[PDB]
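> Got a structure for you, written out below as structure tokens; questions coming shortly.
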There are 2 protein chains.
Amino acid sequence: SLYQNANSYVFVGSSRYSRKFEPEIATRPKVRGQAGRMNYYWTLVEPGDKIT
Amino acid sequence: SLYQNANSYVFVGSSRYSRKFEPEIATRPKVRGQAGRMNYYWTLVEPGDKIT
């Protein structure tokens, strides 16, 4: 409904970070009205490097 | 091309270690010319135990 794609994937990349995510779908309890979860991430990009 | 098998699996085993790996395929940036990644591991084998 929101991404139009079947089973999606996400990749973020640098030199101090490298990981892939497979979204998990389940009946989680409601917190602020949304049963879904948002998981937040951060990374420091060293000077001259590129993030992707 | 290099392993002849569709979706491969690897298991390493001892008493202080137990894990299975599912190789992730993605378009990672090139470092030394190879877009692939090699992730290195180690474990100490206590005397008398067997690794697998």
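We label chains A, B, ... in the order they appear in the structure tokens, count residues from 1 in each chain, and number ligands from 1 in the order shown.
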What are the coordinates of chain B as an mmCIF file with N, CA and C atoms, in the first residue's frame following a least-squares fit to chain A on all in-order C-alpha atoms?


```
data_model
loop_
_atom_site.group_PDB
_atom_site.id
_atom_site.type_symbol
_atom_site.label_atom_id
_atom_site.label_comp_id
_atom_site.auth_asym_id
_atom_site.auth_seq_id
_atom_site.Cartn_x
_atom_site.Cartn_y
_atom_site.Cartn_z
ATOM 1 N N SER B 1 0.824 -1.205 0.000
ATOM 2 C CA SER B 1 0.000 0.000 0.000
ATOM 3 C C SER B 1 0.860 1.258 0.000
ATOM 4 N N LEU B 2 1.992 1.228 0.710
ATOM 5 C CA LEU B 2 2.866 2.386 0.829
ATOM 6 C C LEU B 2 4.127 2.306 -0.021
ATOM 7 N N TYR B 3 4.574 1.105 -0.405
ATOM 8 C CA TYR B 3 5.781 0.947 -1.206
ATOM 9 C C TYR B 3 5.578 0.161 -2.496
ATOM 10 N N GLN B 4 4.402 -0.439 -2.712
ATOM 11 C CA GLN B 4 4.012 -1.028 -3.991
ATOM 12 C C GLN B 4 4.802 -2.292 -4.328
ATOM 13 N N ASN B 5 5.804 -2.638 -3.521
ATOM 14 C CA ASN B 5 6.680 -3.769 -3.793
ATOM 15 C C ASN B 5 6.424 -4.908 -2.811
ATOM 16 N N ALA B 6 6.694 -6.133 -3.270
ATOM 17 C CA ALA B 6 6.376 -7.349 -2.530
ATOM 18 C C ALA B 6 7.186 -7.468 -1.244
ATOM 19 N N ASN B 7 8.421 -7.952 -1.349
ATOM 20 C CA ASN B 7 9.315 -8.122 -0.203
ATOM 21 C C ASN B 7 10.533 -7.229 -0.427
ATOM 22 N N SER B 8 10.580 -6.100 0.270
ATOM 23 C CA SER B 8 11.551 -5.052 -0.011
ATOM 24 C C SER B 8 12.874 -5.301 0.714
ATOM 25 N N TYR B 9 13.899 -4.541 0.311
ATOM 26 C CA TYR B 9 15.222 -4.599 0.923
ATOM 27 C C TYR B 9 15.822 -3.201 0.975
ATOM 28 N N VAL B 10 16.702 -2.982 1.958
ATOM 29 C CA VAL B 10 17.403 -1.713 2.141
ATOM 30 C C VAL B 10 18.866 -1.999 2.456
ATOM 31 N N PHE B 11 19.764 -1.207 1.867
ATOM 32 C CA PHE B 11 21.193 -1.293 2.144
ATOM 33 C C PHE B 11 21.744 0.105 2.372
ATOM 34 N N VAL B 12 22.537 0.259 3.430
ATOM 35 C CA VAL B 12 23.277 1.483 3.709
ATOM 36 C C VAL B 12 24.757 1.132 3.769
ATOM 37 N N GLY B 13 25.598 2.006 3.220
ATOM 38 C CA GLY B 13 26.998 1.662 3.079
ATOM 39 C C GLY B 13 27.998 2.786 3.246
ATOM 40 N N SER B 14 29.076 2.484 3.965
ATOM 41 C CA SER B 14 30.235 3.359 4.069
ATOM 42 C C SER B 14 31.470 2.496 4.283
ATOM 43 N N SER B 15 32.444 3.006 5.029
ATOM 44 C CA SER B 15 33.599 2.207 5.410
ATOM 45 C C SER B 15 33.521 1.704 6.844
ATOM 46 N N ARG B 16 32.913 2.474 7.745
ATOM 47 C CA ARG B 16 32.695 2.052 9.121
ATOM 48 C C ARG B 16 31.311 1.446 9.334
ATOM 49 N N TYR B 17 30.561 1.193 8.261
ATOM 50 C CA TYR B 17 29.229 0.617 8.376
ATOM 51 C C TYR B 17 28.895 -0.164 7.115
ATOM 52 N N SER B 18 28.213 -1.292 7.294
ATOM 53 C CA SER B 18 27.781 -2.132 6.182
ATOM 54 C C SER B 18 26.759 -3.119 6.719
ATOM 55 N N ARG B 19 25.514 -3.007 6.259
ATOM 56 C CA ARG B 19 24.445 -3.858 6.761
ATOM 57 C C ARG B 19 23.266 -3.821 5.795
ATOM 58 N N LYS B 20 22.490 -4.909 5.788
ATOM 59 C CA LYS B 20 21.259 -5.004 5.013
ATOM 60 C C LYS B 20 20.102 -5.382 5.933
ATOM 61 N N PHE B 21 18.916 -4.857 5.620
ATOM 62 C CA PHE B 21 17.734 -5.004 6.459
ATOM 63 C C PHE B 21 16.635 -5.739 5.701
ATOM 64 N N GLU B 22 15.964 -6.659 6.384
ATOM 65 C CA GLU B 22 14.799 -7.356 5.837
ATOM 66 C C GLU B 22 13.595 -7.037 6.713
ATOM 67 N N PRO B 23 12.672 -6.195 6.254
ATOM 68 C CA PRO B 23 11.578 -5.739 7.124
ATOM 69 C C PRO B 23 10.741 -6.894 7.661
ATOM 70 N N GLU B 24 10.557 -6.897 8.979
ATOM 71 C CA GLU B 24 9.789 -7.928 9.664
ATOM 72 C C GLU B 24 8.353 -7.457 9.860
ATOM 73 N N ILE B 25 7.397 -8.287 9.442
ATOM 74 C CA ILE B 25 5.973 -7.975 9.519
ATOM 75 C C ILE B 25 5.341 -8.881 10.568
ATOM 76 N N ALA B 26 4.734 -8.277 11.590
ATOM 77 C CA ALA B 26 4.103 -9.037 12.663
ATOM 78 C C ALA B 26 3.076 -8.157 13.366
ATOM 79 N N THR B 27 2.214 -8.803 14.159
ATOM 80 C CA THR B 27 1.139 -8.116 14.880
ATOM 81 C C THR B 27 1.680 -7.609 16.215
ATOM 82 N N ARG B 28 2.416 -6.502 16.145
ATOM 83 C CA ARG B 28 2.945 -5.885 17.349
ATOM 84 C C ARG B 28 1.859 -5.068 18.049
ATOM 85 N N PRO B 29 1.950 -4.920 19.370
ATOM 86 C CA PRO B 29 0.968 -4.103 20.089
ATOM 87 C C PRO B 29 1.051 -2.639 19.678
ATOM 88 N N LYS B 30 -0.059 -1.933 19.883
ATOM 89 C CA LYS B 30 -0.167 -0.529 19.515
ATOM 90 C C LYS B 30 0.387 0.357 20.622
ATOM 91 N N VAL B 31 1.170 1.359 20.224
ATOM 92 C CA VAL B 31 1.801 2.286 21.159
ATOM 93 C C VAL B 31 1.134 3.649 21.036
ATOM 94 N N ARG B 32 1.432 4.354 19.944
ATOM 95 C CA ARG B 32 0.837 5.649 19.642
ATOM 96 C C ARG B 32 -0.272 5.533 18.606
ATOM 97 N N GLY B 33 -0.897 4.361 18.514
ATOM 98 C CA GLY B 33 -1.875 4.068 17.496
ATOM 99 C C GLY B 33 -1.338 3.254 16.339
ATOM 100 N N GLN B 34 -0.023 3.237 16.151
ATOM 101 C CA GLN B 34 0.609 2.469 15.090
ATOM 102 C C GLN B 34 1.148 1.166 15.659
ATOM 103 N N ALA B 35 0.757 0.050 15.046
ATOM 104 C CA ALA B 35 1.330 -1.234 15.417
ATOM 105 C C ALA B 35 2.726 -1.428 14.844
ATOM 106 N N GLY B 36 3.067 -0.706 13.776
ATOM 107 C CA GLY B 36 4.388 -0.826 13.200
ATOM 108 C C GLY B 36 5.460 -0.203 14.073
ATOM 109 N N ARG B 37 6.705 -0.568 13.782
ATOM 110 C CA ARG B 37 7.860 -0.050 14.497
ATOM 111 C C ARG B 37 8.777 0.672 13.522
ATOM 112 N N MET B 38 9.414 1.738 13.995
ATOM 113 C CA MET B 38 10.452 2.424 13.240
ATOM 114 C C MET B 38 11.740 2.355 14.045
ATOM 115 N N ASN B 39 12.787 1.804 13.441
ATOM 116 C CA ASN B 39 14.060 1.589 14.115
ATOM 117 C C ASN B 39 15.093 2.540 13.523
ATOM 118 N N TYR B 40 15.665 3.391 14.378
ATOM 119 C CA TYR B 40 16.448 4.549 13.964
ATOM 120 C C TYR B 40 17.940 4.250 14.046
ATOM 121 N N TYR B 41 18.700 4.781 13.086
ATOM 122 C CA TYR B 41 20.115 4.468 12.951
ATOM 123 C C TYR B 41 20.909 5.740 12.696
ATOM 124 N N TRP B 42 22.213 5.659 12.942
ATOM 125 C CA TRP B 42 23.107 6.778 12.700
ATOM 126 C C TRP B 42 24.501 6.241 12.414
ATOM 127 N N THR B 43 25.286 7.023 11.678
ATOM 128 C CA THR B 43 26.681 6.677 11.447
ATOM 129 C C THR B 43 27.448 7.949 11.123
ATOM 130 N N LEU B 44 28.718 7.971 11.512
ATOM 131 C CA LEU B 44 29.583 9.105 11.216
ATOM 132 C C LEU B 44 30.318 8.857 9.904
ATOM 133 N N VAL B 45 30.226 9.818 8.988
ATOM 134 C CA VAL B 45 30.871 9.748 7.681
ATOM 135 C C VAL B 45 32.205 10.481 7.779
ATOM 136 N N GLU B 46 33.306 9.730 7.725
ATOM 137 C CA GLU B 46 34.625 10.333 7.823
ATOM 138 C C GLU B 46 34.897 11.217 6.602
ATOM 139 N N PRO B 47 35.718 12.259 6.757
ATOM 140 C CA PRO B 47 35.943 13.200 5.649
ATOM 141 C C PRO B 47 36.520 12.505 4.424
ATOM 142 N N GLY B 48 35.903 12.760 3.268
ATOM 143 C CA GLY B 48 36.326 12.190 2.011
ATOM 144 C C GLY B 48 35.597 10.923 1.606
ATOM 145 N N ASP B 49 34.988 10.218 2.557
ATOM 146 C CA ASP B 49 34.251 9.002 2.254
ATOM 147 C C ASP B 49 32.856 9.341 1.731
ATOM 148 N N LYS B 50 32.223 8.346 1.118
ATOM 149 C CA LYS B 50 30.878 8.475 0.582
ATOM 150 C C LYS B 50 29.953 7.489 1.278
ATOM 151 N N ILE B 51 28.723 7.919 1.509
ATOM 152 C CA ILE B 51 27.685 7.051 2.024
ATOM 153 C C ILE B 51 26.774 6.680 0.863
ATOM 154 N N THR B 52 26.072 5.558 1.002
ATOM 155 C CA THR B 52 25.216 5.048 -0.065
ATOM 156 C C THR B 52 23.946 4.465 0.528
#
```

> List every residue of chain B that DSSP, applied to the backbone of this structure, places in strand (DSSP E or B), and write the result as a ChimeraX atom specification.

/B:10-13,18-21
